[PDB]
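A.B. asks: One structure follows; several queries about it will come next.
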Amino acid sequence: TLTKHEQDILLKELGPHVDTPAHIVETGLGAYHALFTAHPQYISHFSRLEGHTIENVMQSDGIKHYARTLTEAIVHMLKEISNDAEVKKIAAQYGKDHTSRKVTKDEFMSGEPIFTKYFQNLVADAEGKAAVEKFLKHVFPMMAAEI
Ligand code: HEM
Numbered sequence: 001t002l003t004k005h006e007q008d009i010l011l012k013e014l015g016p017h018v019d020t021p022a023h024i025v026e027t028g029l030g031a032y033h034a035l036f037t038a039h040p041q042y043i044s045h046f047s048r049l050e051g052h053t054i055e056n057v058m059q060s061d062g063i064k065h066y067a068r069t070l071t072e073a074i075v076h077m078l079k080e081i082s083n084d085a086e087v088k089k090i091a092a093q094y095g096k097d098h099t100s101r102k103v104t105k106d107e108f109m110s111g112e113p114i115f116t117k118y119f120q121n122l123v124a125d126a127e128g129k130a131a132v133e134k135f136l137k138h139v140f141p142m143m144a145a146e147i
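Structure representation (structure tokens):
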């Protein structure tokens, strides 16, 4: 798992992407955009997005809700990453929050490489890009266990 320094560095580099209400939504939007471009069939699995296509999903109201809650969840896990017990608990709950019968463990897990590339591209440098991957590779399976 992340060392204290890796957590600090990642928080620093993600900070300017997760500060303002707008940036928090913006960050989440990009992640889902990447996800739906690779897997447009996942769109209909998000209840608020039903009927949208990849052509128009980014303009829905629903995607802003999802964008906000995604960014918030990622940041929350990052902030607790040095608390083994807490991050495990938070991660498990976020997995459980994926109640929809439309989403499976395997579908969830397929988002890992996509979110990894996205967040790596979003952060500034090599040290942050490596920390992103270590961070996501660690937390994806934690959440998926409860899906
Ligand atoms: C970094 C990894 C992820 C995190 C932290 C995350 C977080 C969340 C959170 C917090 C919610 C609840 C939002 C609410 O109603 O309050 C949610 C919903 C959802 N997520 Fe994720 N998610 C992640 C990855 C994915 C992936 C890759 C998929 C695609 C398989 C996915 C599919 C869904 C679906 C279908 C919902 C339910 C939308 C609803 O019921 O309205 N998530 N996600």
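Quick note, in the entry's author numbering, the sequence shown goes up one by one and the last residue is 147. Beta carbons are placed, not taken as given, at the ideal position from N, Cα and C, and that holds for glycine.
Please list the terminal residues of the continuous alpha helix (DSSP H) segment that includes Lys137.
C.D. replies: Taken as a continuous stretch (DSSP letters only), the alpha helix (DSSP H) holding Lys137 covers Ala126 to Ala144.
A.B. asks: With a CB to CB cut of under 7 Å and the five nearest residues on each side skipped, what residues in its chain are close to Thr1?
C.D. replies: Here the set comprises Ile81 and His138.
A.B. asks: Would the beta-carbon of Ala145 fall within 9 Å of that of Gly95?
C.D. replies: Yes.
A.B. asks: I need the boundaries of the alpha helix (DSSP H) containing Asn121, first residue and last residue.
C.D. replies: Unbroken alpha helix (DSSP H) run through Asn121: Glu112 to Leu122.
A.B. asks: Less than 9 Å between the C-beta atoms of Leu70 and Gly28, yes or no?
C.D. replies: It is a contact, given that the beta carbons lie within the stated cut-off.
A.B. asks: Look at the alpha carbon of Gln93 and the alpha carbon of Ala73, and state the distance between them as a whole number of angstroms.
C.D. replies: Cα-Cα distance, rounded: 10 Å.
A.B. asks: Mind reading off the beta-carbon distance from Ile9 to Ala131? Whole number of angstroms is fine, and I expect it under 8 Å.
C.D. replies: Contact flag correct, Cβ pair sits at about 6 Å.
A.B. asks: Report the three-state DSSP secondary structure of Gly95 (helix, strand or coil).
C.D. replies: DSSP places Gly95 in helix when its eight states are reduced to three.
A.B. asks: Can you say whether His52 is buried or exposed, counting buried as having 16 or more other CB atoms within 10 angstroms of its CB?
C.D. replies: Under this definition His52 is a buried residue.
A.B. asks: With distances taken Cα to Cα, identify the nearest neighbour of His33 among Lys102, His76, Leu14 and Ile63.
C.D. replies: With distances taken between Cα atoms, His33 lies closest to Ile63.
A.B. asks: Determine the direct distance from the alpha carbon of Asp97 to that of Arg48, and round the result to whole angstroms.
C.D. replies: Cα to Cα, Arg48 sits roughly 15 Å from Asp97.
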